[PDB]
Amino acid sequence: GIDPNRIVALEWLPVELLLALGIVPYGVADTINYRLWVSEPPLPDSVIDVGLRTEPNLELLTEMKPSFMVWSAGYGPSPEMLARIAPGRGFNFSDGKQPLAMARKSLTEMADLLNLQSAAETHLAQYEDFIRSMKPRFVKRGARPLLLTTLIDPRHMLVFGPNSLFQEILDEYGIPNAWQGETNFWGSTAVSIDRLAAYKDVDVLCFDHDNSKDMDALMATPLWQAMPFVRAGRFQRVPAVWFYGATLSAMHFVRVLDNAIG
């Protein structure tokens, strides 16, 4: 990626990787929503919005003349297409089973490209140590399963399973993941609200993303108020945390998690 000050990130996974290594993205795709879903690692205003991650402004990119472009494999524009604009590397979110393991490999791979190996090791130690330190904040609330969700629309909820970013974190804290059903490669799946009523005694967190109008509509339905875990006083609305990120998204989760049930 030769010039570190001229790198364009076309997805929020690799943005997080750059950020953790100290790089300021020359460009970033969809900075507006990044505010609503990722929120953490805020973006310095200098950053140039290159458009939607799905349909980036190819004209702009060409004028920009990036030194290198990073993206998330299997998502967004075709790698063949892109490489026609400037050099770049696609990064994997997961191997389909462990996203955090992959994140650590992606962070290292990123560093290597930029010769920021030291900065990578410092972050990783900071990271592993921080996860370990918070462990005792969840020793009291024993084996009660936890359910991670987020509302997509009044009729659908996303649940995060065993192969989601948060799973490894749960494993290290001993929090059983209430969702053992199916999940896409990214670790999640959309379900109908009713499907959630099946969860009697469990803790439920729902990441917000500037969708309060949507939440109210949901909390307005008799089904929701009828929800057992709701009536049990186990439902919580927590701050947005990106579900398809890396180490900064995991550390952001531990924060929200800590505040929510620590």
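In case it trips you up, residue 1 is the first one in the sequence shown, and so on.
- As listed in the deposited structure, the average C-alpha B-factor of 139 to 147 and of 69 to 77 is greater for 139 to 147.
- Higher mean CA temperature factor, per the PDB entry, when comparing 151 to 159 with 92 to 100: 151 to 159.
- When the modelled residues of the chain are ordered by C-alpha B-factor, residue 187 sits in the lowest third.
- For residue 8, the recorded CA temperature factor ranks within the lowest third of the chain's modelled residues.
- The deposited CA B-factor of residue 124 belongs to the lowest third of values across its chain.
- Sort the modelled residues of the chain by CA B factor and residue 254 lands in the middle third.
- Per-chain ranking of the deposited C-alpha B factor places residue 116 in the lowest third.
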